[PDB]
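What the coordinates show
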Amino acid sequence: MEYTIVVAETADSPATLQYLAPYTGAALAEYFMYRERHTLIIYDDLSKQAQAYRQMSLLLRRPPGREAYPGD
Amino acid sequence: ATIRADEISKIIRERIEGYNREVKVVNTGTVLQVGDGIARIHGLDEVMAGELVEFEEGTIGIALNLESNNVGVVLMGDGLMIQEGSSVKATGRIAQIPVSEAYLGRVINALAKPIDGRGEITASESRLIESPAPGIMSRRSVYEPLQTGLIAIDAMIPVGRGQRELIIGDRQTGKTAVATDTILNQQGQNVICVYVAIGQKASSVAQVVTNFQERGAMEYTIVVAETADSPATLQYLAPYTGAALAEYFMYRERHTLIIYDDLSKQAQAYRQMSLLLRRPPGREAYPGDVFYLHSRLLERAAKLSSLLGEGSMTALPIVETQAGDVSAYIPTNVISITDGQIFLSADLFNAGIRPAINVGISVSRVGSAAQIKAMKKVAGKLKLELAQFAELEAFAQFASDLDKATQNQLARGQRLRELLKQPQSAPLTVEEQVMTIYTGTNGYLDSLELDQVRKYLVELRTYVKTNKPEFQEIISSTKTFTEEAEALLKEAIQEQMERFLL
Amino acid sequence: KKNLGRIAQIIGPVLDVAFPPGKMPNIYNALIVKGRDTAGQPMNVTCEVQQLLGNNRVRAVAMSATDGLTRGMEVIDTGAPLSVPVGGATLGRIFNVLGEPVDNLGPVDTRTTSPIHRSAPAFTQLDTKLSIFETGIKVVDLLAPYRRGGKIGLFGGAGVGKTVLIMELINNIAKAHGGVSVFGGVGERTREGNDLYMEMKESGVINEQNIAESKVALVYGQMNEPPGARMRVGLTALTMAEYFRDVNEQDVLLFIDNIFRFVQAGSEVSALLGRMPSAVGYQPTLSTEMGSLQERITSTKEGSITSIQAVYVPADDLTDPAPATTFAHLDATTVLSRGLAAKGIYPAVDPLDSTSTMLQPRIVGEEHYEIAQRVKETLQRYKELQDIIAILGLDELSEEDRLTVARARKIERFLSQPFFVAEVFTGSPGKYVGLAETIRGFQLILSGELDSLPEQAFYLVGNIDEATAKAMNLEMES
Amino acid sequence: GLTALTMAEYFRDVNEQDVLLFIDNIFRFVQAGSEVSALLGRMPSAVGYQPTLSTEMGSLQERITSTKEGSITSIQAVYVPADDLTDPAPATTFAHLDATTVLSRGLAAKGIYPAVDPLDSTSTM
Amino acid sequence: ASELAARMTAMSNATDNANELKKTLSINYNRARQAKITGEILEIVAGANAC
Ligand SMILES: Nc1ncnc2c1ncn2[C@@H]1O[C@H](COP(=O)(O)OP(=O)(O)OP(=O)(O)O)[C@@H](O)[C@H]1O
Ligand SMILES: Nc1ncnc2c1ncn2[C@@H]1O[C@H](COP(=O)(O)OP(=O)(O)OP(=O)(O)O)[C@@H](O)[C@H]1O
Ligand SMILES: CC(C)C[C@@H]1NC(=O)[C@H](C)N(C)C(=O)CNC(=O)/C(=C/c2ccccc2)N(C)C1=O
């Protein structure tokens, strides 16, 4: 634990925060990466980020693609 | 979003004519945008959701969508001659039907209007169509049998008054022969029968009603019929009108039975209605509210408590399945709503086994609560022997343990099969059912001719109903299978066998 | 001081109300519509705000029927979300989605009312201890050890044995706890709720003399009750259980039948709420809707809530979005199979798809773990060669494969068990089997000792000494 | 893709030398159009591509051509999504290529790298 | 002769079992095809209405 950070985003969090959590972890890791340190990141349940993004896009009335998932 | 229905120019002209005034169009609505089973009526400011509205042509409507400036209604018929810009009148009455005792023996068209051709029906108006179902404190556990007349049903899938038992199978596998058998079997019992034909062809309804009339079951039956050419709204509504008509009697301490022929057709009519209203559909284009469609209807079949008169409503829905698709959408929905099912199989039906109950996949969650003592005592061994036949026939071609299995499957299974098959529109009394099960499953019919089992059984039935009336008396008196009736039935079947051999 | 609004539109259960330009109600605030339905004046139409549509207009969802409602009715807003009675006043009573008692026993003492919408417990206030509890069910105790304090799901199609399993769990474990055990019908047969209540009265659990000490609380929004009620009956049941976990610091049980109907009513509502649906016509807010409900069912340092939930799979589709999202919040699933049910194997628990996060050598011990692993290995070998032995048959397999087939068949027969709640269907009254007996019986089957006795000796028994008794009885009877 | 294709057009036409044009996934050239097409107001086509899949492919493909004064040999990798060889994007590419070369996951699963499907990979030479 | 008779009865059983398996497979495939067509068209119309 003296060499790792935990970025938690439970299921009762809004879809914006679940969509943003991998990017928060990635910026956190990129800091050490550009400070000449080796980093390792693990996005557990990335499909949950895609589902949170799909929810945010459908609520914004963005037109859906395959399986209501946005084109992007 | 940029356009609206009352966006038409004459309404805006009227509004510009006078801006601030006193009285609006209160009961007077002018129709506009007559669409596909819907009509967006401008006006009807004081209208309620669920309001019956009356058109100039004569068509009835229900105020469904009460938008800001227009109310959108659903047409209860082929609203062809609804001229655009014509008047609509609210009735103040939420959707209801005239209910009375003068309906017993008539045919009805999902609007309580007779398609019978025998004149009008007097009434003391009541019964909102969407009545609420009884609560937890209102009802009671089921405790008395509702006899169908069919030996297999009454022995292995027993149904009590207040149970929702589903009749599920393919097309032309029965289910209407079964429904009519159960209705024709209610001659002595004090049970009102309702039969809703939701999407059947008109000739099928003709056959059913004439069979009812001829066999005498019309003095206690009502018929609500929506043919295949009926509007989808009428096929959507017909079981609710049947349920209200039956609830009329059920809440007056009388027992009712109701049969929804092709409840899946009501689901298909509701899917048509929803797709024409542009609602986002779920799997196989079904609205997603289709479970609620069926469950708010089936929850009205109850067994009320002693405080509510002990009235009951038995529901026998009917679901057709496509190539025996038990795991389809509407089949599984109705299975998750009801209290057991009765599986008719096209294979056994076409193979000659005509009441084609698939007993290994059909349950009843009441069981002995519904059955009488005699039927329990005589049906235990019967369901055991048919259980044995179930694995024997599928597993063994000739046999395992060829001596007793040919004493097992031949003496029990293949003769009990001929014991269970029953002709079209010929129900059996409970005494004949108990006697027929006892003659077979104890091991008395082990050596007859397989083509003579039917003849022996029917002739023994007439013999015992001629020579031994005290058997029928001791059965219809205590409803139990005493050793006295047992022994006298034994000597009766010995007499009948030695008579039938010569 | 309370806002008075006018009804602007009515679309089934979803209606939107216009408020004065100054003051509009917040999201989830309860709104009382005065109402008039062929009586004097029942205010029973309660709603809750979903979205502020703009121009002094909010859109709510009715917890009652909307037939007979007019445009322009007065809508008093309560200024707070739906609060329900909590505490000992709920013990022994049946409730609505609105906390209104439907038992006809009188009104509830509404001193303590806590709102149905709260946030989940914080991350720091969470238990981290891992305990299992035995249930008396062979397949559950062996292959899916249910965690004490964790959410537990039961997945099945229509008519596979979800409710018989829930009632067997209630028969075994609910009468052993010291804390209360609340039940919430979130859309199910009202016949079943009435039957369960009458069983509670005859058992003595709900004592008509002194209701005040019952240690149960029943909430019911059944298959009727338009989707406003079927969507929040789970929340009011969860609120009542959270009061006992938080305040009294008891160990609550939370038996819920068909949390699937919560999702289903949410999609029904969201269709008329004017949202674009997801792939299978579900609401776009499906995952967070499940999360807002399941993330409150936890175990904090104050107390624990052991939740046992039934999850319907529509058209037997485990890939359907609703069970597919329930799976993430559960931590001990138990999947029922239509094939196993039709083969008479009751309970129809699919042994290989039903997992648990407590089947670990550090939690259940190494002997239990190794026996479960060997059982799953032989069952997996059987499932592999199933299609080959379906077309060809057993005669073509090797000797070791035939031995594995016979052992897998004995295992799948020893998985079935008679239930106390199913004595009407099977007869041969139910058996409670401890964990040690299940472990010894499966050691005996897989060890090759019980290799020369009929398969039917294991079908619908408990405690493999009964399998041996049945085999001896069958051979002596011939 | 049009940038690189223009750079090759110049070497074929003005410099009149044989160009060797290698392309990475041209599936990405089509799915980028399908990504933007919803925002461009266009109504969705079959399973989710833009209504102009065939013409968008065709413009770029027909621009790749040996023009009788110079030749462009074009080797293109076409991502088949979910191994659906009948997906619209690869389906509309097959008609534009001369020698197709299908790669089988069944051969990669055993190590027959290059996992070229022998019976599927056809050619006009 | 006895080995060939056992082979004949075994291949009769296997033909019958492959027959019922082919039937079950055809049923499941028709269901999958209808579900695929339904989902595809529902997705297309959902996108079009969203535009
Ligand atoms: N027990 C029986 N004995 C003899 N004939 C029967 C029996 N049951 C049904 N039949 C015959 O089988 C045919 C189909 O039966 P039935 O009318 O009950 O099915 P159905 O409900 O009309 O099927 P569908 O409505 O899907 O066409 C009928 O013509 C009837 O005469
Ligand atoms: N353990 C069991 N033993 C014998 N029979 C069982 C068992 N479990 C289920 N069954 C049979 O399966 C039928 C359906 O069971 P049940 O209604 O309890 O589950 P379900 O329908 O999947 O759940 P729900 O009632 O919530 O829809 C019952 O009628 C019963 O006869
Ligand atoms: C079937 C009729 C007679 C009862 C309806 N009520 C309901 O469907 C549900 C059960 N309830 C109780 C409502 O309050 C909302 N109303 C409607 O959804 C409806 C829905 C509806 C759908 C299609 C055609 C007409 C109306 N009503 C306005 C109702 O009156």
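Residues numbered from 1 in each chain as written, not as in the entry; some residues may be left out. Chains lettered and ligands numbered in written order. Part of a larger assembly, values for the part shown. Heavy atoms only, no water.

The record lists cryo-EM as the method behind this PDB entry and 3.05 Å as its resolution.

A count of helices and strands for chain A gives two helices and zero strands. Taken over C-alpha atoms, the radius of gyration comes to 15 Å for chain A, far larger than the 11 Å a tight globule of 72 residues would show. The principal-axis extent of the C-alpha atoms belonging to chain A is close to 40 × 25 × 15 Å. Of all intrachain contacts in chain A linking residues separated by at least 6 positions in sequence, the fraction that spans at least 24 positions is 33%. As displayed, chain A offers around 5300 Å² of accessible surface, 55% of which is attributable to carbon and sulfur atoms. Each charge sign in chain A was given a centre, from 7 positive and 9 negative side chains, and these centres are 9 Å apart. (Helix = DSSP H or I, 4+ residues; strand = E, 2+ residues; numbered from the N terminus. Rg over C-alpha atoms; globule rule 2.2 N^0.38 Å. Contact = heavy atoms within 4.5 Å. Areas by Shrake-Rupley, 256 points an atom, 1.4 Å probe, with all protein chains shown as cover. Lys, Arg positive; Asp, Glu negative; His and termini not counted. Charge placed at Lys NZ, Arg CZ, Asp CG, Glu CD.)

Let us look at the overall build of chain D. Broken down by element type, chain D carries five helices and two strands. Going residue by residue from the N terminus, the α and β elements of chain D occur as α-β-α-α-β-α-α. Dimensions along the principal axes, computed over C-alpha positions, put chain D at roughly 45 × 45 × 20 Å. In chain D, buried positions account for 29% of the 125 residues. Considering only contacts in chain D between residues 6 or more positions apart, those separated by 24 or more positions represent 53%. For chain D, the accessible area works out to roughly 7800 Å², and carbon and sulfur atoms hold 58% of it. Side-chain charges of chain D comprise 7 positive and 15 negative groups, with the mean position of each set lying 3 Å from the other. (Buried < 20%, exposed > 50% of the residue type's maximum accessible area, 1.4 Å probe, protein only.)

The next thing to look at is the interface of chain B and chain C. Taken together, the contact between chain B and chain C spans 49 residues of the former and 52 residues of the latter. Of the roughly 4000 Å² buried where chain B meets chain C, counting both sides, 53% is carbon and sulfur surface. Our count for the contact surface shared by chain B and chain C stands at five salt bridges. Across the pair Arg283 of chain B and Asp320 of chain C runs a salt bridge whose closest N-O atoms are separated by 2.8 Å. At the boundary of chain B with chain C, the tally comes to 16 residue pairs in polar contact. Listed by contribution, the elements that provide at least two residues to the side of chain B that touches chain C are β4 (60-66), β5 (70-75), α7 (290-298) and α8 (329-337) of chain B. With five residues, α8 of chain B is the single largest residue contributor to the side of chain B that touches chain C. Looking at side-chain class alone, the side of chain B that touches chain C contains 21 nonpolar, 15 polar and 13 charged residues. (Buried area = accessible area lost by both parts, 1.4 Å probe. Salt bridge = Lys/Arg side-chain N within 4 Å of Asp/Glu carboxyl O. Polar contact = N/O pair within 3.5 Å; in protein donor to acceptor, adjacent residues only side chain to side chain. Nonpolar A, V, L, I, M, F, W, Y, C, P; charged D, E, K, R; others polar.)

This brings us to the pairing of strand β14 (residues 312-320) of chain B. Residue and element names in this part refer to chain B. Here β14 lies mainly inside the structure; eight of its nine residues are buried. Pairing of strand β10 (residues 166-169) with β14 involves three bridges; the strand directions are parallel. Residue pairing in the sheet places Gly169 in a bridge with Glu320 of β14. Pairing geometry for strand β13 (residues 255-261) and β14, over six bridges, is parallel. Opposite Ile259, over in β14, you have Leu316 as the bridge partner. (Pairing = 2+ DSSP bridges.)

What follows covers the packing of aromatic side chains. The tally for this structure, following the rule as stated, stands at 19 aromatic pairs over all chains. Here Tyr248 of chain B and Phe249 of chain B contribute two aromatic rings whose centre-to-centre distance is 5.1 Å and whose plane-to-plane angle is 85°, an arrangement assigned as edge-to-face. Judged by centre distance (6.4 Å) and plane angle (70°), the ring pair of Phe133 of chain C and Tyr146 of chain C falls under edge-to-face. With a gap of 13 residues between them, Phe133 of chain C in the loop between β9 (113-115) and α1 (138-143) and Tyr146 of chain C in the loop between α1 and β10 (151-156) connect regions that are remote in the sequence. Through successive ring pairs, a cluster of aromatic residues spans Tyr19, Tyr23 and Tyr53 of chain A. Above the face of the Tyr286 of chain B ring, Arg271 of chain B is positioned so that its terminal group lies 4.4 Å from the ring centre. (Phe/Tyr/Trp six-rings, centres within 6.5 Å; stacked < 30°, edge-to-face > 60°. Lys NZ or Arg CZ within 6 Å of the ring centre and 35° of its normal.)

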